[PDB]
Every structure is written in C-alpha cells, then in structure tokens.
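Novice: sequence first, structure after; it's an experimental one.
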Amino acid sequence: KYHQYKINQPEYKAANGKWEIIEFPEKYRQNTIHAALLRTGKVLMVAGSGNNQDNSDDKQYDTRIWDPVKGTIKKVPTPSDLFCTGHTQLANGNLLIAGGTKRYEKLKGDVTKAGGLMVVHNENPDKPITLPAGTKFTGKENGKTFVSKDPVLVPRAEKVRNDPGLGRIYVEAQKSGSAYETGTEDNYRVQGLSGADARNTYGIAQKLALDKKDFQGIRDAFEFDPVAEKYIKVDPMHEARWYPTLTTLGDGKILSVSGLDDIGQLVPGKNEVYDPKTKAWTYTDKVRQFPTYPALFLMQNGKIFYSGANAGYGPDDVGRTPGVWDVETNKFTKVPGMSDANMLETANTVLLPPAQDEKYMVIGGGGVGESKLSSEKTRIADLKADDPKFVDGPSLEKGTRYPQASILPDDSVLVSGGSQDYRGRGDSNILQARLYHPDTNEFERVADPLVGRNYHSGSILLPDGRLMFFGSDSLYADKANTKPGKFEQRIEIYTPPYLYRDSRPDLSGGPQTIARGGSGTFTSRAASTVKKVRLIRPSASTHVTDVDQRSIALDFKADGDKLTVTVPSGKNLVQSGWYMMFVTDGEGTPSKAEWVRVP
Ligand SMILES: [Cu+2]
C-alpha cells in the first residue's frame, strides 16, 4: 500500500527493523513445531507428524535443516514422531531429543460437548469392576459431570500398596457448550457406587473440553548430530513422555521432567537423568511433579528455577507455583509475587541478559486449559536479591498467550506475536513486536510481524543477528470459529534496528574452543569500538519454552585489532557446549557471531 512505502523508509527501518516472509517450495513444507539453531549455523526444524492425523496414520514424520545464509533447505529422515518432544543441546553440540507422540487415537462423540479420556482406577485386588455405559463421573474439585458412552472393564488391583487396575473410557458432558468444560486434572467420584466399591473406584482425567484429541507419550530418545545431519538412536527413557522439559544440570547431565505417559496420565513426578558419557538414563531418587513443558533453568548455585510457565496438564494445586528446586535434596522453595498467577500456561520465560544477573522474566500467558483469560503482564524475578520475588515489568497492550521471546546480542529481548485467546480463537493473533530493555525495564514497540503466530510457534536468533520465526497452529480458520484451522507453514526473518544503521564491527578467529576460566583471541579491525562481548547459547524452542538460550557476559581486552575474551569460571553459568560469540560496539551494533565451544 503506502504502508509498504512507510515501513521501507531508511528512518523507519533504522528505528523498527523489518520483517520478511520466506515460503518454501511445496515439497519442503511441513508443520514446524520445534526448532533449534545448530553449531553449524543451520536451523533444525522438527515437525514429526505435525499435529496432522493423516501423517500420524501414515507414519509420515518430517524434519528439515534450513540454511539461513544460502537460504537452502533439506529433508532429514525422522525415526519417531518427534513433535511434543523435549530437547536441549548436549556438551558435544548434539541436540538430545526425547519423548514425543504416540499414534493418535480418533476423536469420538459429539464435537459440541466437552469430554475426553477418563482413567478409572480400581484399588480392589479381589475383583475387577465393570462400569456400564451411562456411568456418571463428577469432579471432586470442579463439580462437573461427565458420562461414559460405553462400558469399561477395570481389572483387579495387583498386590505387590495395591497397584490399581486402570481402565480408559471416553466421557462426555451432558449438555453442549464451554460452560461444562474443565481445564485441569481432577479426581472424579463415580456416582451410584456404595460401600467398598465407592472406596476402591475413582476416575482421573485431564482437561475435558472442546479441543478434544487424547495424546500419549513415547520413550524414544535420539541425539541429533548436526555434522552428520542425522538422528542417532540412544537408549530410551524409562518413562514415556509427551511434552517433557529436558534441562541441563550442574554436572552436565540432562534432567527430564514431566510429560503425559503411554496411557495419557501425567507422569507422577518420576524424573530421570541422561548421562551423555554413557548415553543411558537413570531415575532420580526423589519425586517431584510438575505440569508439562515446565520452564526449568539451571541457576548459578546449581539449583533449578521454575518460573511457573508451563503447557498445562495435571492438577491446579501441584507444581503450579514458581520457585527454586534443589534436585539432589528435592527441596522446593516458593518465589512469591507473581501477578496473574492464574495465567501462567502458555507464558514465555527468559533468563535476562546478562545471565550473570540471574533475573528471569515471565511474559503473558492464559488461563488453564481452553480459558478465555489472558495476561498482558510481564513479571520479573531477581534471584540474587535478599528476598527474591516477582515484580511486574512493563505491560503489553493486550492479553497474550504464546508470545515469542528471543535474547538479542545487544542485551535487548525481542518479544513478539502471540494471541489474545486460546489457539488464536476469534482470529485473535496479535501482530505486534517489541524490544524489551532490561537495564531500563522498558518496552519499545518495533515493526509489526507479517504473519500471526499463536500455538506451536517459536523464534530463533541466528548467527548473523537476524531472527527466524516459525509455526502457528490456529484451532479455527475463521473469526467465527466454525471451520478448522490450517497450520502456518511460512516462516519470517526479522532484521532488527541494529542492522539498519552504521557498519557493524568485524570479527574473525572462530571457531575456537575456550575452557571455562580460559581466554581466546579474535580479530576485529574495530576492536577499539567494542563495548560488550556476549556468549549466547543457541535456542531450542517449542511450546513457548526455551531453556537453552542465555547470554553470558565476557570480560575482554582490546589490543589494536586483537580482542582477547575470557570465559567465566562457573559450570552452572557457562554450560558446556557451543555458543555464538557476538561483539557489540558503543552504538549497540553487533558483529556477526563466531562459534565458540566450551568443553
Ligand atoms: Cu503441542
């Protein structure tokens, strides 16, 4: 339009950057749900079956590697249905990817009525129990009632605790509409049982709502080798997990937390650790339950910070409170102050730059399950404070689920997209982007994104300083919510303001390996202009969750055209692995990254 003229003016791009749509040849398209920047500089894009029933039925599983410099894309053979998986970079630079989705069950019953899977428990070792069709289950907390359509046989408990018999049955609300939906797990009383039967028999269900498909986890785990460009099978997890968080501990092992299991129950706090040297998994000694994709970050004291951000599931009163988790002792200490604590599902979490400060920001979020509630708020916790607590930061304009959030090499945080309602319901994509500035605690609006991104989206900082945005899985295609949504297969590249100004500093000397506490030397003719150096861990982003990205400040010295940088000593700050190293000048303009390996 004229718009298009406005947003291409030198002054405009200099203050707001600019967006571009990339669309791939039809043959390379997929529903990208997970992405990660690899140490090769290319982006792993993982769809699995892509939340597509035909692909699940055909075992059609997709992965791409996309080269942002050349703009080329290739397919990668994908061994398991690796969407709704967990993932993080290993010390060797491989991406550990574990969990994912079992072949999906057909959705049954009336599309206008809340329902889903009820898992019936039988505590009686003496006898099985059959609940006939039309059995009513009522939530002990939520008070809502659902009815089975078919009989279910629930086998005897087995003695060992008795281990309860379990039987799965579809249940459905009596009347249509969202008034009769639930958003969290509850324990359901079975109406019309008396005595012993009532004592030994009960239901557990996750959300029983209108986006109805029932998903189960798988145990498979792989290392993605970015040099070979292949998935390498490693030992499977002990637990099947759909939506686990994988997060690096102090000793370099990977902790896997939560997820739904092979029958769709929340894994009840049975966490496990991958040792990259043995390529084997071990249960943790002690149990702690969280909802799915919990946002879990390694702190400099070796404990885990849980921000409260999560993708849902489980009860509303277990693992819903932000805090500090000592994995070895299992002590959990609440961090108070969170505003809109009822709107933490589908929020983003960022460890603010520089990571040395241990400040976490929680952005946006929505009510449990398919709630119409959404939060405009940011909330910041400083974990180095005497009494740590969340305090509100700058607000967004609109309540926003699913905001994308990426650390930039200038210490800004790009916060972009999202939607006002569940899965972009009511055509509620928010086509806005901001820079968050940590030092001022201010938001600055920048250019609007071109493509809406809600559920199943993400963003990835690239070595050249641009950012890639992917995904978006709207429930509906139309504002009226009458037709099924189509998965967004375009990506965008966002060029920030800092690339529309003066010449950027030059940098060469990579790739290099630099130990914690060690130093390395790089070349920059513009060394004298460098104000900061940042070692930035590449992102692995899914479901509004990225426990990989962090930006570590490096001390440096300039000596003519030579920059000597020093890596901090702590293994809890500087996780082993590969990092982008950016140098930024006093005008805030970053170099392109060189890659550095920390052993
Ligand atoms: Cu998902």
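Specialist: Happy to help now that I have it. Numbering: from 1, shown residues only.
Novice: against residue 121, how distant is the residue of the chain most remote from its centre?
Specialist: Most distant residue from the mean C-alpha position of the chain: residue 195, 45.0 Å away (CA atoms, centre = their mean). Using CB to CB, to the nearest Å, we find residue 195 at a distance of 17 Å from residue 121. C-beta here means a position set from N, CA and C on the backbone, and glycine is covered the same way.
Novice: got it, and residue 399?
Specialist: 37 Å.
Novice: need the distance between the two termini of stretch 535-544.
Specialist: Stretch 535-544 has an end-to-end distance of 22 Å (CA to CA, to the nearest Å).
Novice: could you do stretch 341-354 as well?
Specialist: Termini of stretch 341-354 sit 26 Å apart (CA to CA).
Novice: can you map out the strands along the stretch 301-450 of the chain?
Specialist: 304-306, 323-325, 332-334, 348-351, 359-363, 378-382, 390-392, 404-407, 413-416, 433-437, 442-445 (DSSP state E, counting those that start in this stretch).
Novice: need the winner for burial among those strands.
Specialist: Across the strands of the stretch 301-450 of the chain, the average number of neighbours (mean count of other CB atoms under 10 Å) peaks for strand 348-351, which reaches a mean of 28.
Novice: OK, contacts around the nearest residue to residue 112 once chain neighbours are set aside?
Specialist: Nearest residue to residue 112, sequence neighbours excluded (CB to CB, 6 or more residues apart in numbering): residue 176, at 3.9 Å. When contacts are counted by CB atoms under 8 Å, 6 or more residues apart in numbering, residue 176 touches 110, 112, 113.
Novice: likewise for residue 575?
Specialist: 91, 248, 252, 298, 537, 598.
Novice: looking at those residues, which is nearest residue 25?
Specialist: residue 537 (31.6 Å; CB to CB).
Novice: surely that closest one is in contact with residue 89?
Specialist: Yes: using CB atoms under 8 Å, residue 537 is in contact with residue 89, at 7.1 Å.
Novice: okay, and the beta partners of residue 492?
Specialist: Applying DSSP bridges to residue 492 yields these beta-bridge partners: residue 21, residue 469.
Novice: which parts of the stretch 151-300 of the chain are strands?
Specialist: All strands of the stretch 151-300 of the chain, identified by DSSP E, counting those that start in this stretch, fall at 152-154, 165-172, 186-190, 201-205, 221-225, 230-234, 245-248, 254-257, 272-275, 280-283, 296-298.
Novice: so of those strands, which one's packed in deepest?
Specialist: When the strands of the stretch 151-300 of the chain are scored by mean count of other CB under 10 Å, the highest mean neighbour count falls to strand 245-248 (a mean of 26).
Novice: partner strands of that one, with direction?
Specialist: Take DSSP bridges as the rule and strand 245-248 pairs in its sheet with strand 254-257 (antiparallel).
Novice: hey, C-alpha coordinates of the partner strand in PDB?
Specialist: This file holds the C-alpha atoms of strand 254-257, laid out as PDB (Å, rounded to 0.1, in the frame of the first residue of the first chain):
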ATOM      1  CA  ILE A 254      20.200 -33.800  31.400                       C
ATOM      2  CA  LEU A 255      17.200 -33.800  33.600                       C
ATOM      3  CA  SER A 256      13.900 -34.900  32.000                       C
ATOM      4  CA  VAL A 257      10.700 -33.800  33.800                       C
END
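Novice: returning to that earlier point: tell me which of the strands of the stretch 301-450 of the chain sits nearest to residue 587.
Specialist: Smallest distance to residue 587 across the strands of the stretch 301-450 of the chain (CB to CB): 15.2 Å, for strand 433-437.
Novice: quick one: list the elements packing against the closest one.
Specialist: For strand 433-437, the packing partners by 3 or more CB pairs under 8 Å, 6 or more residues apart in numbering; DSSP states H and E come out as strand 413-416, strand 442-445.
Novice: looking at those, spot the one closest to residue 488.
Specialist: Nearest to residue 488 among these is strand 413-416; the distance by CB to CB comes to 14.3 Å.
Novice: would you list the phi and psi of residue 28?
Specialist: The phi/psi pair for residue 28 (degrees, to the nearest 10) reads phi -100, psi 0.
Novice: ok, now which ones touch residue 177?
Specialist: Residue 177 is in contact with residue 112, counting by CB under 8 Å, 6+ apart.
Novice: when you give positions from now on, start the count at 5
Specialist: All right, first residue 5 from here; so that's residue 181.
Novice: which phi and psi does it have?
Specialist: Residue 181 adopts backbone torsions of phi 120, psi 160, taken as degrees, to the nearest 10.
Novice: shared neighbours of residue 541 and residue 93, anything?
Specialist: What both residue 541 and residue 93 touch, as defined by CB under 8 Å, 6+ apart, is the set 552, 581.
Novice: tell me which element residue 43 is part of?
Specialist: Under DSSP states H and E, no helix or strand contains residue 43.
Novice: can you tell me the closest non-neighbouring residue to it?
Specialist: residue 582 is the one closest to residue 43 (CB to CB, 6+ apart), at 3.8 Å.
Novice: wait, that neighbour sits on residue 98?
Specialist: No: using CB under 8 Å, residue 582 makes no contact with residue 98, being 10.0 Å away.
Novice: which stretches of the stretch 105-254 of the chain form helices?
Specialist: Assigned by DSSP state H, counting those that start in this stretch, the stretch 105-254 of the chain shows helices spanning 199-204.
Novice: out of the helices and strands packed on strand 437-441, nearest to residue 470?
Specialist: The nearest among these, by CB to CB, is strand 417-420 at 10.8 Å.
Novice: sheet partners, orientation included, of that closest one?
Specialist: strand 408-411 (antiparallel), strand 437-441 (antiparallel).
Novice: any chance of those in TSV, plus distance to residue 426?
Specialist: Below are the strands paired with strand 417-420 laid out as TSV (distance: least, CB to CB, whole Å):
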stretch	distance to residue 426
strand 408-411	17
strand 437-441	21
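Novice: OK, contacts around the residue lying closest to residue 449 once chain neighbours are set aside?
Specialist: Leaving aside its sequence neighbours, residue 449 sits nearest to residue 438 (CB to CB, 6+ apart; 5.5 Å). Listed by CB under 8 Å, 6+ apart, the contact set of residue 438 reads 400, 418, 419, 420, 447, 448, 449, 450.
Novice: hmm, 7 Å instead?
Specialist: Applying CB atoms under 7 Å, 6 or more residues apart in numbering to residue 438 gives the contacts 419, 447, 448, 449, 450.
Novice: over to residue 446?
Specialist: Residue 446 is in contact with residue 398, counting by CB under 7 Å, 6+ apart.
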